[PDB]
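Single-structure report; data block below.
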Amino acid sequence: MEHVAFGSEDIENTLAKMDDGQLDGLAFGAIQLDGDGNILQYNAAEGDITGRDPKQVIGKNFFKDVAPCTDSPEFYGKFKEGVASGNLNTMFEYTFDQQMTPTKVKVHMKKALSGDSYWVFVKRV
Ligand SMILES: *C(=O)/C=C/c1ccc(O)cc1
């Protein structure tokens, strides 16, 4: 299959062309969000890290419903900024907690290929 690497320069492009099942093939977490942070895609990998049902979180807001612990300047702050600037490509470590067992992860946010969406890539560290 296609084993896209975390941090691939053109990761967004690749994910854009993916066909059914391909996203859940990534070894790391992948979440696609709209401008307000509403979840459009959520893969198996992320669900295995968070305990969340990928189907259930769809349509829910990432920062306000599912991942409230990311509602901070360090995460949500960077997101909104990148959204308002049309430029989003940053990497930082973060601790997921509050709605899950405290877990250290490496996060990569990047604007999507075309359209108005954004990607949040996650993997445990
Ligand atoms: C903070 O509350 C983190 C929670 C969280 C992050 C990412 C997910 O996919 C699900 C929950």
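Some values worked out for this structure:
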item	result
Eligible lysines near residue 104 by straight Cα distance, threshold 21 Å, same-chain separation 8 or greater	64, 78, 123
Value at 222 nm in deg cm²/dmol, rounded to 500, when DSSP H runs of n ≥ 4 in the chain each add -39,500 (n - 2.57)	-4500 deg cm²/dmol
Convex hull volume of region 72-125 per residue (C-alpha atoms, cubic angstrom)	80 Å³
Cα-projected label distance for residue 1 with residue 106, points at 7 Å along beta-carbon direction, nm	2.1 nm
Loop GluC sites (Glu not before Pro), region 1-47 (other Cβ atoms within 10 Å of the site Cβ: 12 or fewer; DSSP)	2, 9
37 °C / 0.692 mPa s Stokes-Einstein diffusion coefficient of the chain, Kirkwood radius on C-alpha pairs, µm²/s	228 µm²/s
Among 103, 31, 76 the positive-end extreme of the charge dipole of the chain (Cβ point charges)	103
Charged-residue dipole, Cβ positions (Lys, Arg, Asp, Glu), the chain about Cα centre, Debye nearest 20	280 debye
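Quick reminder, even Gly has a Cβ in these numbers, built from the backbone with ideal geometry, and neighbours come from all protein chains shown. Values in this text are rule-based calculations from the coordinates and carry no lab data.
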